[PDB]
$ cat final23.cif   # mmCIF, C-alpha atoms and all ligand atoms
data_upload
#
loop_
_atom_site.group_PDB
_atom_site.id
_atom_site.type_symbol
_atom_site.label_atom_id
_atom_site.label_comp_id
_atom_site.auth_asym_id
_atom_site.auth_seq_id
_atom_site.Cartn_x
_atom_site.Cartn_y
_atom_site.Cartn_z
ATOM 1 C CA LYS A 1 25.106 13.218 7.883
ATOM 2 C CA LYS A 2 21.977 14.209 5.967
ATOM 3 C CA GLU A 3 18.758 13.293 7.773
ATOM 4 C CA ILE A 4 16.144 11.631 5.588
ATOM 5 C CA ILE A 5 12.610 11.722 6.965
ATOM 6 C CA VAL A 6 10.350 8.899 5.801
ATOM 7 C CA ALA A 7 6.631 9.430 6.438
ATOM 8 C CA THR A 8 3.873 6.811 6.806
ATOM 9 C CA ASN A 9 0.360 6.658 8.238
ATOM 10 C CA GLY A 10 1.170 3.317 9.964
ATOM 11 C CA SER A 11 -1.210 1.077 7.915
ATOM 12 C CA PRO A 12 -1.574 -1.604 6.609
ATOM 13 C CA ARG A 13 -0.135 -4.671 8.304
ATOM 14 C CA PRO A 14 2.268 -6.313 7.497
ATOM 15 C CA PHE A 15 3.667 -3.594 5.193
ATOM 16 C CA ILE A 16 3.592 -1.109 8.085
ATOM 17 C CA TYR A 17 2.487 -1.509 11.710
ATOM 18 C CA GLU A 18 3.570 -0.573 15.206
ATOM 19 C CA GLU A 19 4.971 -2.689 17.970
ATOM 20 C CA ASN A 20 5.987 -1.342 21.379
ATOM 21 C CA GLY A 21 5.369 2.225 20.228
ATOM 22 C CA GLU A 22 7.703 1.928 17.207
ATOM 23 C CA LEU A 23 7.186 1.481 13.462
ATOM 24 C CA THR A 24 7.958 -1.837 11.790
ATOM 25 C CA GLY A 25 6.636 -3.943 8.902
ATOM 26 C CA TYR A 26 8.126 -5.005 5.546
ATOM 27 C CA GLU A 27 8.499 -1.551 4.029
ATOM 28 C CA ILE A 28 9.864 0.047 7.180
ATOM 29 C CA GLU A 29 12.509 -2.685 7.492
ATOM 30 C CA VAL A 30 13.379 -2.510 3.764
ATOM 31 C CA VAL A 31 13.961 1.249 4.179
ATOM 32 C CA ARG A 32 16.011 0.693 7.381
ATOM 33 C CA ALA A 33 18.164 -1.747 5.429
ATOM 34 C CA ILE A 34 18.558 0.760 2.524
ATOM 35 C CA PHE A 35 20.118 3.321 4.867
ATOM 36 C CA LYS A 36 21.901 0.958 7.264
ATOM 37 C CA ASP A 37 25.553 2.027 7.642
ATOM 38 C CA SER A 38 25.116 4.814 5.067
ATOM 39 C CA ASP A 39 28.078 7.184 5.347
ATOM 40 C CA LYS A 40 25.960 9.962 3.813
ATOM 41 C CA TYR A 41 22.490 9.545 5.292
ATOM 42 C CA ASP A 42 20.654 8.937 8.577
ATOM 43 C CA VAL A 43 17.029 7.815 8.374
ATOM 44 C CA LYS A 44 14.132 8.816 10.647
ATOM 45 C CA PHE A 45 10.541 7.490 10.425
ATOM 46 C CA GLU A 46 7.529 9.640 11.290
ATOM 47 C CA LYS A 47 3.884 8.596 11.599
ATOM 48 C CA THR A 48 1.305 11.107 10.396
ATOM 49 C CA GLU A 49 -2.295 11.009 9.056
ATOM 50 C CA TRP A 50 -2.676 9.822 5.482
ATOM 51 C CA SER A 51 -3.440 13.229 3.917
ATOM 52 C CA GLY A 52 -0.361 14.514 5.787
ATOM 53 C CA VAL A 53 1.951 12.061 4.072
ATOM 54 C CA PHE A 54 1.259 13.587 0.642
ATOM 55 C CA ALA A 55 0.946 17.139 1.897
ATOM 56 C CA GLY A 56 4.339 16.726 3.595
ATOM 57 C CA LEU A 57 5.987 15.472 0.393
ATOM 58 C CA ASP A 58 4.410 18.461 -1.402
ATOM 59 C CA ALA A 59 5.913 20.891 1.136
ATOM 60 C CA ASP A 60 9.334 19.201 1.241
ATOM 61 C CA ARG A 61 8.769 18.366 4.914
ATOM 62 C CA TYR A 62 9.334 14.677 4.121
ATOM 63 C CA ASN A 63 11.939 13.195 1.813
ATOM 64 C CA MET A 64 10.174 9.861 1.270
ATOM 65 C CA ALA A 65 7.015 7.914 2.090
ATOM 66 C CA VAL A 66 6.123 4.230 2.475
ATOM 67 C CA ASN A 67 2.486 3.319 2.801
ATOM 68 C CA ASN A 68 1.694 0.297 0.573
ATOM 69 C CA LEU A 69 1.782 2.707 -2.344
ATOM 70 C CA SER A 70 0.748 1.813 -5.886
ATOM 71 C CA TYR A 71 1.643 3.528 -9.145
ATOM 72 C CA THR A 72 -0.686 6.043 -10.782
ATOM 73 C CA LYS A 73 0.011 8.598 -13.517
ATOM 74 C CA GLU A 74 -1.373 11.383 -11.312
ATOM 75 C CA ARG A 75 0.971 10.536 -8.440
ATOM 76 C CA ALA A 76 3.927 10.264 -10.833
ATOM 77 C CA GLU A 77 3.269 13.864 -11.976
ATOM 78 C CA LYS A 78 3.815 15.095 -8.395
ATOM 79 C CA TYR A 79 6.247 12.615 -6.825
ATOM 80 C CA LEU A 80 9.184 10.425 -7.721
ATOM 81 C CA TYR A 81 8.792 6.638 -7.637
ATOM 82 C CA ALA A 82 11.674 4.516 -6.392
ATOM 83 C CA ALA A 83 12.139 0.967 -7.727
ATOM 84 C CA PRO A 84 9.303 -1.418 -6.701
ATOM 85 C CA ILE A 85 9.777 -3.538 -3.584
ATOM 86 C CA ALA A 86 6.786 -5.914 -3.558
ATOM 87 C CA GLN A 87 4.161 -7.495 -5.793
ATOM 88 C CA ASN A 88 0.668 -7.987 -4.378
ATOM 89 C CA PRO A 89 -2.497 -8.617 -6.445
ATOM 90 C CA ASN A 90 -5.891 -6.984 -6.071
ATOM 91 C CA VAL A 91 -8.971 -8.653 -4.558
ATOM 92 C CA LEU A 92 -12.704 -8.047 -3.922
ATOM 93 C CA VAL A 93 -14.075 -9.039 -0.513
ATOM 94 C CA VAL A 94 -17.737 -9.867 0.189
ATOM 95 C CA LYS A 95 -19.680 -11.854 2.770
ATOM 96 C CA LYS A 96 -19.554 -15.629 2.072
ATOM 97 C CA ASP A 97 -23.384 -15.807 2.284
ATOM 98 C CA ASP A 98 -23.840 -13.109 -0.365
ATOM 99 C CA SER A 99 -24.231 -14.584 -3.839
ATOM 100 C CA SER A 100 -25.241 -11.215 -5.402
ATOM 101 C CA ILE A 101 -21.636 -9.989 -5.788
ATOM 102 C CA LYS A 102 -19.398 -12.346 -7.802
ATOM 103 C CA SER A 103 -17.248 -9.794 -9.677
ATOM 104 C CA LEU A 104 -16.516 -6.075 -10.084
ATOM 105 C CA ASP A 105 -19.426 -5.943 -12.535
ATOM 106 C CA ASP A 106 -21.899 -6.527 -9.672
ATOM 107 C CA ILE A 107 -21.152 -3.456 -7.488
ATOM 108 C CA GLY A 108 -23.929 -1.207 -8.917
ATOM 109 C CA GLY A 109 -26.327 -0.263 -6.120
ATOM 110 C CA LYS A 110 -24.032 -1.945 -3.560
ATOM 111 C CA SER A 111 -22.109 -0.157 -0.814
ATOM 112 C CA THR A 112 -18.480 0.136 0.283
ATOM 113 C CA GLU A 113 -16.169 2.291 2.417
ATOM 114 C CA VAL A 114 -13.108 3.897 0.842
ATOM 115 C CA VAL A 115 -10.279 6.281 1.813
ATOM 116 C CA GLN A 116 -9.638 9.554 -0.006
ATOM 117 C CA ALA A 117 -6.753 9.580 -2.513
ATOM 118 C CA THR A 118 -6.280 5.817 -2.556
ATOM 119 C CA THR A 119 -6.048 3.938 -5.837
ATOM 120 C CA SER A 120 -9.214 1.897 -5.081
ATOM 121 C CA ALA A 121 -11.188 5.094 -4.377
ATOM 122 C CA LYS A 122 -10.010 6.485 -7.720
ATOM 123 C CA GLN A 123 -10.989 3.282 -9.562
ATOM 124 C CA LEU A 124 -14.483 3.365 -8.030
ATOM 125 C CA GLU A 125 -14.950 7.080 -8.662
ATOM 126 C CA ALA A 126 -14.184 6.346 -12.335
ATOM 127 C CA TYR A 127 -16.551 3.337 -12.297
ATOM 128 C CA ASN A 128 -19.324 5.714 -11.149
ATOM 129 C CA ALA A 129 -18.550 8.234 -13.885
ATOM 130 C CA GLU A 130 -19.077 5.440 -16.444
ATOM 131 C CA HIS A 131 -22.064 3.741 -14.780
ATOM 132 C CA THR A 132 -24.195 6.804 -13.994
ATOM 133 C CA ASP A 133 -27.453 4.845 -14.257
ATOM 134 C CA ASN A 134 -26.576 2.477 -11.388
ATOM 135 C CA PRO A 135 -23.582 3.741 -9.488
ATOM 136 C CA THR A 136 -21.897 1.964 -6.604
ATOM 137 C CA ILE A 137 -22.414 3.591 -3.196
ATOM 138 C CA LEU A 138 -19.176 5.075 -1.821
ATOM 139 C CA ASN A 139 -18.925 6.222 1.747
ATOM 140 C CA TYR A 140 -15.563 7.833 2.382
ATOM 141 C CA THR A 141 -13.882 7.230 5.719
ATOM 142 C CA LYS A 142 -10.640 8.044 7.517
ATOM 143 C CA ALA A 143 -10.618 4.669 9.303
ATOM 144 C CA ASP A 144 -7.760 2.289 8.575
ATOM 145 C CA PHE A 145 -8.016 -0.916 6.691
ATOM 146 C CA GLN A 146 -8.502 -3.300 9.603
ATOM 147 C CA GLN A 147 -11.446 -1.252 10.898
ATOM 148 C CA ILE A 148 -13.039 -1.174 7.425
ATOM 149 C CA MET A 149 -12.773 -4.996 7.129
ATOM 150 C CA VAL A 150 -14.312 -5.408 10.585
ATOM 151 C CA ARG A 151 -17.248 -3.186 9.542
ATOM 152 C CA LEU A 152 -17.744 -5.327 6.406
ATOM 153 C CA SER A 153 -17.794 -8.433 8.598
ATOM 154 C CA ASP A 154 -20.260 -6.534 10.908
ATOM 155 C CA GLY A 155 -22.616 -6.120 7.882
ATOM 156 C CA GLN A 156 -22.263 -2.319 7.709
ATOM 157 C CA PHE A 157 -21.856 -2.384 3.904
ATOM 158 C CA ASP A 158 -21.630 -4.868 0.986
ATOM 159 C CA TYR A 159 -18.035 -5.164 -0.306
ATOM 160 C CA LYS A 160 -14.432 -3.999 -0.042
ATOM 161 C CA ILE A 161 -11.715 -3.862 -2.677
ATOM 162 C CA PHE A 162 -8.088 -4.099 -1.517
ATOM 163 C CA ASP A 163 -5.088 -6.397 -1.998
ATOM 164 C CA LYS A 164 -4.252 -9.999 -1.263
ATOM 165 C CA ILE A 165 -1.680 -9.652 1.504
ATOM 166 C CA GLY A 166 -3.576 -6.969 3.386
ATOM 167 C CA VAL A 167 -6.861 -8.890 3.212
ATOM 168 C CA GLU A 168 -5.406 -12.265 4.172
ATOM 169 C CA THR A 169 -3.575 -10.682 7.125
ATOM 170 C CA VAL A 170 -6.743 -9.164 8.627
ATOM 171 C CA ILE A 171 -8.884 -12.214 7.917
ATOM 172 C CA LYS A 172 -6.387 -14.350 9.846
ATOM 173 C CA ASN A 173 -5.555 -11.945 12.679
ATOM 174 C CA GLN A 174 -9.098 -10.701 13.306
ATOM 175 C CA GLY A 175 -10.789 -14.062 12.702
ATOM 176 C CA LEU A 176 -13.005 -12.729 9.922
ATOM 177 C CA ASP A 177 -14.072 -16.150 8.715
ATOM 178 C CA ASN A 178 -17.420 -14.905 7.142
ATOM 179 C CA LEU A 179 -15.630 -13.116 4.328
ATOM 180 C CA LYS A 180 -15.046 -14.418 0.862
ATOM 181 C CA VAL A 181 -12.101 -13.290 -1.332
ATOM 182 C CA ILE A 182 -12.478 -12.910 -5.089
ATOM 183 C CA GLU A 183 -9.451 -12.397 -7.354
ATOM 184 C CA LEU A 184 -9.434 -9.205 -9.461
ATOM 185 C CA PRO A 185 -7.533 -8.510 -12.711
ATOM 186 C CA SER A 186 -4.890 -5.858 -13.203
ATOM 187 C CA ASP A 187 -3.934 -3.735 -16.213
ATOM 188 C CA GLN A 188 -0.557 -2.922 -14.680
ATOM 189 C CA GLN A 189 1.806 -4.949 -12.513
ATOM 190 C CA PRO A 190 0.499 -4.697 -8.954
ATOM 191 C CA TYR A 191 3.699 -3.325 -7.477
ATOM 192 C CA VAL A 192 4.316 -1.432 -4.206
ATOM 193 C CA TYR A 193 6.855 1.426 -4.219
ATOM 194 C CA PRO A 194 8.553 3.923 -1.938
ATOM 195 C CA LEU A 195 7.740 7.510 -3.054
ATOM 196 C CA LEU A 196 10.106 10.501 -2.839
ATOM 197 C CA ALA A 197 9.410 14.228 -2.979
ATOM 198 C CA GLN A 198 9.891 15.912 -6.329
ATOM 199 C CA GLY A 199 13.491 17.120 -6.521
ATOM 200 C CA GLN A 200 14.929 14.243 -4.425
ATOM 201 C CA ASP A 201 16.660 12.977 -7.610
ATOM 202 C CA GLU A 202 20.052 12.198 -6.062
ATOM 203 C CA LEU A 203 18.279 10.405 -3.208
ATOM 204 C CA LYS A 204 16.256 8.333 -5.683
ATOM 205 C CA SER A 205 19.473 7.196 -7.407
ATOM 206 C CA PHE A 206 20.871 5.950 -4.084
ATOM 207 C CA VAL A 207 17.604 4.293 -3.028
ATOM 208 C CA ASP A 208 17.218 2.531 -6.400
ATOM 209 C CA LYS A 209 20.825 1.306 -6.253
ATOM 210 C CA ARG A 210 20.272 -0.043 -2.724
ATOM 211 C CA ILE A 211 16.963 -1.767 -3.524
ATOM 212 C CA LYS A 212 18.759 -3.707 -6.356
ATOM 213 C CA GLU A 213 21.586 -4.606 -3.962
ATOM 214 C CA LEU A 214 19.126 -5.838 -1.296
ATOM 215 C CA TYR A 215 17.397 -7.962 -3.936
ATOM 216 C CA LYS A 216 20.695 -9.557 -4.994
ATOM 217 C CA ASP A 217 21.958 -10.315 -1.471
ATOM 218 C CA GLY A 218 18.652 -12.001 -0.498
ATOM 219 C CA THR A 219 17.500 -9.359 2.017
ATOM 220 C CA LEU A 220 14.238 -8.515 0.207
ATOM 221 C CA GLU A 221 13.323 -12.224 0.035
ATOM 222 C CA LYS A 222 14.265 -12.709 3.696
ATOM 223 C CA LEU A 223 12.068 -9.763 4.788
ATOM 224 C CA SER A 224 9.218 -10.844 2.480
ATOM 225 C CA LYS A 225 9.152 -14.303 4.089
ATOM 226 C CA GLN A 226 9.414 -12.802 7.590
ATOM 227 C CA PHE A 227 6.476 -10.408 7.186
ATOM 228 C CA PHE A 228 4.323 -12.052 4.531
ATOM 229 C CA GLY A 229 5.103 -15.793 4.915
ATOM 230 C CA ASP A 230 6.283 -16.236 1.306
ATOM 231 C CA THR A 231 8.206 -14.359 -1.412
ATOM 232 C CA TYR A 232 6.131 -11.531 -2.950
ATOM 233 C CA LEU A 233 8.670 -9.643 -5.049
ATOM 234 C CA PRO A 234 8.618 -8.005 -8.450
ATOM 235 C CA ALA A 235 10.394 -9.847 -11.279
ATOM 236 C CA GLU A 236 14.119 -8.969 -11.163
ATOM 237 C CA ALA A 237 13.887 -7.258 -14.561
ATOM 238 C CA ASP A 238 11.280 -4.807 -13.193
ATOM 239 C CA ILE A 239 13.252 -3.903 -10.071
ATOM 240 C CA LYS A 240 14.276 -0.442 -11.287
HETATM 241 N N1 LIG B 301 -2.173 0.561 -2.648
HETATM 242 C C1 LIG B 301 -3.242 1.567 -2.406
HETATM 243 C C2 LIG B 301 -3.674 1.603 -0.925
HETATM 244 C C3 LIG B 301 -2.605 2.212 0.000
HETATM 245 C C4 LIG B 301 -2.875 1.884 1.460
HETATM 246 O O1 LIG B 301 -2.731 0.670 1.874
HETATM 247 N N2 LIG B 301 -3.270 2.859 2.284
HETATM 248 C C5 LIG B 301 -3.428 2.608 3.686
HETATM 249 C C6 LIG B 301 -3.427 3.917 4.451
HETATM 250 S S1 LIG B 301 -4.648 5.135 3.895
HETATM 251 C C7 LIG B 301 -4.696 1.871 3.981
HETATM 252 O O2 LIG B 301 -4.797 1.207 5.145
HETATM 253 N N3 LIG B 301 -5.721 1.882 3.101
HETATM 254 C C8 LIG B 301 -6.988 1.271 3.440
HETATM 255 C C9 LIG B 301 -7.956 1.412 2.288
HETATM 256 O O3 LIG B 301 -7.540 1.955 1.216
HETATM 257 O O4 LIG B 301 -9.114 0.998 2.537
HETATM 258 C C10 LIG B 301 -2.812 2.942 -2.802
HETATM 259 O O5 LIG B 301 -1.650 3.083 -3.250
HETATM 260 O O6 LIG B 301 -3.579 3.901 -2.695
#
$ encode --input "final23.cif" --output "structure tokens" --more "lines below"
Ligand SMILES: N[C@@H](CCC(=O)N[C@@H](CS)C(=O)NCC(=O)O)C(=O)O
Amino acid sequence: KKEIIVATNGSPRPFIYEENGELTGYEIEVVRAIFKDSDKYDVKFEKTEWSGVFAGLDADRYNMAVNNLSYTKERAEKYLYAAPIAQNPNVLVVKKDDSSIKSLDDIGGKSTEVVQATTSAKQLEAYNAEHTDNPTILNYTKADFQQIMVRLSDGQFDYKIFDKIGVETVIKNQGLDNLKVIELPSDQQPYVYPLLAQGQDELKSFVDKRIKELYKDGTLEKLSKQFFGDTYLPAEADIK
């Protein structure tokens, strides 16, 4: 069979995480189900640093990637997007005792920690290009999401933008009960997608076909409830 290597950096829970030395989480199990009993393909998951996920797709080292990945035009120019597999809205996190940040309009002169090449880093970089008189303070980090949330709770900086499921998960698991969650709007549907290397066109056709099948047989809903506690799926009409 043809071996398909799926890369991930291992964050964030419950989309991706490790248990007993092995990768699991919603996206990992959705991909396992896509290839289960495939007469053509065998799947293998590999954990690598974040920058390595994209660099590996670029070099054709990896066939696919799952990593709580959002859509952007820039990514679409370099990689293929499979059908979406989850819907998860954006949020702004601040300390509950801080009344100075109530929306995304209040981040000027305030500090955060962001990861290179993420959609939130790109949004904030663009915010700074527009608001040159009072930019937000970005400190880039290679730490993963949980660590960043802990630092926010520790008072190391003022706010953090991320998504609902990832934020709620860390607030519950890490007991970060001093953090307040503010809903944020979205221009586009906040969907999460597997990405494939450019040229993996035949693979994309198979993956897309399987994602639709797993939606129809109830597997996506089953896995969503298992990992997230409720159904967080794209509308059926957008699953393509
Ligand atoms: N949905 C966003 C974030 C993806 C994501 O969850 N990245 C992982 C690995 S770098 C993470 O833990 N991010 C933490 C963060 O962006 O603070 C994107 O597509 O860029």
$ residues_near_ligand --input "final23.cif" --ligand "ligand LIG 301 (chain B)" --cutoff "10 Å" --atoms "only C-alpha atoms and all ligand atoms" --output "VMD selection string"
chain A and resid 8 to 13 15 to 16 49 to 51 53 66 to 72 75 88 to 90 112 to 122 140 to 149 160 to 163 166 190 to 193
$ closest_residue --input "final23.cif" --among "A:154, A:22, A:230, A:42" --to "residue 3 in chain A" --atoms "only C-alpha atoms"
A:42
$ residues_around --input "final23.cif" --residues "residue 157 in chain A" --least-positions-apart "5" --cutoff "12 Å" --atoms "all atoms listed in the file" --output "number ranges by chain"
A: 93-95, 98, 107, 109-114, 136-139, 148-152
$ atom_distance --input "final23.cif" --atom1 "CA of residue 46 in chain A" --atom2 "CA of residue 79 in chain A"
18.4 Å
$ residues_around --input "final23.cif" --residues "residue 225 in chain A" --least-positions-apart "6" --cutoff "12 Å" --atoms "only C-alpha atoms" --output "ChimeraX atom specification"
/A:14,25-26,86,218-219,231-233
$ resolve_selection --input "final23.cif" --expression "the PyMOL selection byres (((chain A and resi 205) around 12) and not hetatm)" --output "list in words"
residues 34, 80, 81, 82, 83, 196, 199, 200, 201, 202, 203, 204, 206, 207, 208, 209, 210, 211, 212 and 240 of chain A
$ atom_distance --input "final23.cif" --atom1 "CA of residue 156 in chain A" --atom2 "CA of residue 129 in chain A"
24.3 Å
$ resolve_selection --input "final23.cif" --expression "the PyMOL selection byres (((chain A and resi 63) around 9) and not hetatm)" --output "list in words"
residues 4, 5, 6, 7, 56, 57, 60, 61, 62, 64, 65, 195, 196, 197, 198, 200 and 203 of chain A
$ closest_residue --input "final23.cif" --among "A:239, A:59, A:214, A:91" --to "residue 181 in chain A" --atoms "all atoms listed in the file"
A:91
$ closest_residue --input "final23.cif" --among "A:108, A:155, A:234, A:229" --to "residue 135 in chain A" --atoms "all atoms listed in the file"
A:108
$ closest_residue --input "final23.cif" --among "A:58, A:33, A:24, A:125" --to "residue 45 in chain A" --atoms "only C-alpha atoms"
A:24
$ closest_residue --input "final23.cif" --among "A:87, A:96, A:224, A:127" --to "residue 182 in chain A" --atoms "only C-alpha atoms"
A:96
$ closest_residue --input "final23.cif" --among "A:19, A:177, A:168, A:106" --to "residue 228 in chain A" --atoms "only C-alpha atoms"
A:168
$ resolve_selection --input "final23.cif" --expression "the PyMOL selection byres (((chain A and resi 1) around 12) and not hetatm)" --output "short mmCIF file (atom, residue, chain, number, x, y, z; two decimals) with C-alpha atoms, in the frame of the given file"
data_model
loop_
_atom_site.label_atom_id
_atom_site.label_comp_id
_atom_site.auth_asym_id
_atom_site.auth_seq_id
_atom_site.Cartn_x
_atom_site.Cartn_y
_atom_site.Cartn_z
CA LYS A 2 21.98 14.21 5.97
CA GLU A 3 18.76 13.29 7.77
CA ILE A 4 16.14 11.63 5.59
CA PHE A 35 20.12 3.32 4.87
CA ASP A 37 25.55 2.03 7.64
CA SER A 38 25.12 4.81 5.07
CA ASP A 39 28.08 7.18 5.35
CA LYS A 40 25.96 9.96 3.81
CA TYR A 41 22.49 9.54 5.29
CA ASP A 42 20.65 8.94 8.58
CA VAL A 43 17.03 7.82 8.37
#
$ atom_distance --input "final23.cif" --atom1 "CA of residue 220 in chain A" --atom2 "CA of residue 29 in chain A"
9.5 Å
$ axis_aligned_box --input "final23.cif" --around "range 208-225 of chain A" --padding-each-side "6 Å" --output "JSON"
{"center_x": 15.6, "center_y": -5.9, "center_z": -0.8, "size_x": 24.8, "size_y": 28.8, "size_z": 23.2}
$ build_atoms --input "final23.cif" --residues "range 138-151 of chain A" --atoms "N, CA, C and O atoms" --output "compact mmCIF listing (two decimals), in the frame of the given file"
# COMPACT_ATOMS: atom_id res chain seq x y z
N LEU A 138 -20.44 4.85 -2.53
CA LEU A 138 -19.18 5.08 -1.82
C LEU A 138 -19.37 5.93 -0.62
O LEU A 138 -19.80 7.07 -0.70
N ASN A 139 -19.01 5.41 0.54
CA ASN A 139 -18.92 6.22 1.75
C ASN A 139 -17.45 6.35 2.14
O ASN A 139 -16.78 5.34 2.45
N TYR A 140 -16.95 7.56 2.05
CA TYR A 140 -15.56 7.83 2.38
C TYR A 140 -15.38 7.86 3.89
O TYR A 140 -16.26 8.27 4.64
N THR A 141 -14.23 7.37 4.31
CA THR A 141 -13.88 7.23 5.72
C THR A 141 -12.41 7.51 5.93
O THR A 141 -11.59 7.37 5.00
N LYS A 142 -12.06 7.92 7.15
CA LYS A 142 -10.64 8.04 7.52
C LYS A 142 -10.17 6.86 8.34
O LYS A 142 -9.01 6.84 8.79
N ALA A 143 -11.03 5.88 8.57
CA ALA A 143 -10.62 4.67 9.30
C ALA A 143 -9.55 3.89 8.54
O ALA A 143 -9.46 4.01 7.33
N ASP A 144 -8.74 3.12 9.28
CA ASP A 144 -7.76 2.29 8.57
C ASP A 144 -8.34 0.94 8.14
O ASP A 144 -9.50 0.60 8.42
N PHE A 145 -7.55 0.26 7.36
CA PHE A 145 -8.02 -0.92 6.69
C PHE A 145 -8.63 -1.96 7.59
O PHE A 145 -9.70 -2.51 7.30
N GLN A 146 -7.95 -2.27 8.70
CA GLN A 146 -8.50 -3.30 9.60
C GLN A 146 -9.92 -2.96 10.03
O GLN A 146 -10.84 -3.78 10.01
N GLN A 147 -10.12 -1.69 10.45
CA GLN A 147 -11.45 -1.25 10.90
C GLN A 147 -12.51 -1.41 9.78
O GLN A 147 -13.67 -1.76 10.05
N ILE A 148 -12.13 -1.06 8.55
CA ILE A 148 -13.04 -1.17 7.42
C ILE A 148 -13.45 -2.64 7.22
O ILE A 148 -14.63 -2.96 7.03
N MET A 149 -12.47 -3.55 7.26
CA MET A 149 -12.77 -5.00 7.13
C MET A 149 -13.70 -5.50 8.24
O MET A 149 -14.60 -6.33 8.02
N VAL A 150 -13.44 -5.05 9.45
CA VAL A 150 -14.31 -5.41 10.58
C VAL A 150 -15.75 -4.93 10.33
O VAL A 150 -16.72 -5.66 10.58
N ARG A 151 -15.90 -3.71 9.84
CA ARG A 151 -17.25 -3.19 9.54
C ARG A 151 -17.94 -4.00 8.45
O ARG A 151 -19.16 -4.22 8.53
